[PDB]
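Enquirer: curious how this folds, go ahead:
(one chain, ligands or ions: 6)
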Amino acid sequence: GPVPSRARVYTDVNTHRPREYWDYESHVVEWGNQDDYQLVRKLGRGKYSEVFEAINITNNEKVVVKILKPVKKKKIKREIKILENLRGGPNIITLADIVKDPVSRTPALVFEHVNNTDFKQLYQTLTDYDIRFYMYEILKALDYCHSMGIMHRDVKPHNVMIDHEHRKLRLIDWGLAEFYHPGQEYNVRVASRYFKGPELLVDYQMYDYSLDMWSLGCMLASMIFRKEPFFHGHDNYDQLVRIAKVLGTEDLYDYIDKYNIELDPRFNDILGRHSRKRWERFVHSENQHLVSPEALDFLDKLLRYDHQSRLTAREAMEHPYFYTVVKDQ
Ligand SMILES: Cc1ccc(-c2csc3ncnc(SCCC(=O)O)c23)cc1
Ligand SMILES: [Cl-]
Ligand SMILES: [Cl-]
Ligand SMILES: [Cl-]
Ligand SMILES: [Cl-]
Ligand SMILES: [Cl-]
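Expert: Residues are numbered from 1 along each chain as shown. Ligands and ions are numbered 1, 2, ... in the order given. Shown next is the structure:
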């Protein structure tokens with residue numbers, strides 16, 4: 001059988017909390033009034049949700065409304081309980097209300113809108129300093145929710161919104177977030193393909209907060225090397241193939257033998273052998289200003305097969321890659 005795993009930091013955060021903090025199935029959702037919110041315009045869209053700009057007619061303040069997909073009711077309580085516990089945390093959106101019955105009883109999330117802040121989706125047209133700066137801001141949100149015993153499990157550029165005029169960042173879309181409990185096996189169908197950690201691609205269910213650190217590394221790799229996505233797989237098997245062609249198959253097999261992970265007989269044959277390609281081979285004349293000795297060292301300590309050897313969110317904030325960035329703050 002597979003060898004169990006535990007988180008290095010924030011292990012027993014939920015154990016020390018009261019049961020009501022993390023037992024979202026027992027939570028009773030205090031639904032608000034839909035009439036208090038009138039939709040102004042449509043901001044974005046997607047299969048999982050439709051986002052709207054709206055105004056709260058009671059206080060005449062602008063808000064953001066997210067009409068949720070018809071998801072299982074248990075996941076609705078999970079996301080609402082997580083957003084309520086993360087309220088007030090740095091660089092995390094603030095849930096203002098929860099309403100229903102727009103078109104035949106549909107849950108909708110009402111988030112606060114910050115005055116005079118135009119939030120746009122995270123892109124790849126940033127300088128070397130802005131990459132450092134906004135990575136540190138994401139690290140703030142990852143460290144806060146991890147310390148609150150919560151995995152985000154869907155860290156990707158589409159879930160990070162930026163305001164380049166005011167240096168404001170928000171980590172959004174907590175529909176896949178979940179509470180961490182030591183010894184609990186978790187669903188491996190989380191995050192997008194390009195940002196799934198090796199623990200998901202080998203179907204290792206006892207993962208922890210370090211899943212978000214791998215996803216964060218994939219972003220850093222694509223930003224500094226100007227290659228989105230960095231690991232460009234076409235299916236879940238090919239994703240681990242692309243990772244193996246960079247990080248080598250050597251540390252991957254030692255990772256599989258450590259936790260006693262059982263792969264498919266055909267999967268172990270198609271991986272083969274690959275040498276650890278250097279981080280400097282992806283450096284070209286276009287992105288030679290975004291790459292530094294600190295960036296490569298920091299990226300290396302994030303992109304590790306062993307989730308227990310990757311950097312924690314705080315360790316990353318202590319890395320010399322952000323040295324001048326923290327002195328600016
Ligand atoms: C502060 C804040 C509030 C809501 C969101 C948000 C969550 S999902 C989502 N989907 C599309 N846009 C946004 S922000 C759009 C611009 C604004 O009015 O702030 C969001 C992101 C940040
Ligand atoms: Cl994305
Ligand atoms: Cl959201
Ligand atoms: Cl799960
Ligand atoms: Cl690739
Ligand atoms: Cl962490």
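
Enquirer: in the stretch 101-250 of the chain, which residue sits closest to ligand 6?
Expert: In the stretch 101-250 of the chain, the residue that lies nearest ligand 6 is residue 146 (3.9 Å; CB to the ion). To be clear about C-beta, it is placed using only N, CA and C from the backbone, and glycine gets the same treatment.

Enquirer: which strand or helix spans that residue?
Expert: Taking DSSP states H and E as the definition, residue 146 sits inside helix 128-147.

Enquirer: and the next helix or strand after that helix, what other elements does it pack with?
Expert: Using DSSP H and E, the next helix or strand after helix 128-147 towards the C-terminus is strand 150-151. Packed against strand 150-151 by the contact rule (3 or more CB pairs under 8 Å, 6 or more residues apart in numbering; DSSP states H and E) you find strand 178-179.

Enquirer: okay, now the sheet partners of the strand it packs on, with direction.
Expert: The pairing partners recorded for strand 178-179 under DSSP bridges are strand 150-151 (antiparallel).

Enquirer: residues from the stretch 51-200 of the chain in reach of ligand 3?
Expert: 172-173 (CB under 5 Å from the ion).

Enquirer: in the stretch 51-200 of the chain, which spans are helices?
Expert: Along the stretch 51-200 of the chain, counting by DSSP state H, counting those that start in this stretch, helices occupy 73-85, 128-147, 198-201.

Enquirer: OK, contacts around the single nearest residue of the chain relative to ligand 3?
Expert: Using CB to the ion, the single residue of the chain nearest to ligand 3 is residue 172, 3.9 Å away. For residue 172, the contacting residues are 93, 159-161, by CB atoms under 8 Å, 6 or more residues apart in numbering.

Enquirer: filter these to the buried ones?
Expert: Among these, those classed as buried by 16 or more other CB atoms under 10 Å are 93, 159-161.

Enquirer: pipe those into a markdown table and attach distance to ligand 6 per row.
Expert: Formatted as a markdown table, the buried ones among the contacts of residue 172 follow (distance: CB to the ion, whole Å):
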| residue | distance to ligand 6 |
| --- | --- |
| 93 | 19 |
| 159 | 17 |
| 160 | 17 |
| 161 | 21 |
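
Enquirer: just these now: which is nearest residue 75?
Expert: Set against residue 75, the nearest of those by CB to CB is residue 159 (16.4 Å).

Enquirer: chain neighbours aside, what residue packs nearest to that closest one?
Expert: residue 173 (4.4 Å; CB to CB, 6 or more residues apart in numbering).

Enquirer: surely the one you found and residue 154 touch.
Expert: Yes. Contact criterion CB atoms under 8 Å: residue 173 and residue 154 qualify, at 6.1 Å.

Enquirer: quick one, what contacts the residue nearest the centre of the chain?
Expert: Centroid-nearest residue in the chain, with CA atoms, centre = their mean: residue 155, separated by 2.1 Å. With contact set as CB under 8 Å, 6+ apart, residue 155 has these partners: 138, 142, 171, 191, 195, 212, 215-216, 219.

Enquirer: residue 329 too?
Expert: Residues in contact with residue 329 (CB under 8 Å, 6+ apart) are residue 136.

Enquirer: and for residue 196?
Expert: Counting by CB under 8 Å, 6+ apart, residue 196 makes contact with 190, 214-215, 236, 239.

Enquirer: narrow the residues you listed to those in helices?
Expert: Mapping these onto helices (DSSP state H) picks out 214-215, 236, 239.

Enquirer: which element is residue 217 on?
Expert: Under the criterion DSSP H and E, the helix or strand holding residue 217 is helix 210-225.

Enquirer: what packs against that helix?
Expert: For helix 210-225, the elements it packs on are helix 128-147, helix 198-201, helix 293-302, helix 313-317, judged by 3+ CB pairs under 8 Å, 6+ apart.

Enquirer: closest one to ligand 1 among the ones you listed?
Expert: Ligand 1 lies closest to helix 128-147 among the helices and strands packed on helix 210-225, at 11.6 Å (CB to the nearest ligand atom).

Enquirer: for that closest one, name the packing helices and strands.
Expert: By 3+ CB pairs under 8 Å, 6+ apart, helix 128-147 packs against strand 160-163, strand 168-171, helix 210-225, helix 313-317, helix 323-328.

Enquirer: got the angle for that helix vs helix 73-85?
Expert: Interaxial angle of helix 128-147 relative to helix 73-85 (axes from the mean of the first three to the mean of the last three CA atoms, to 10 degrees): 110 degrees.
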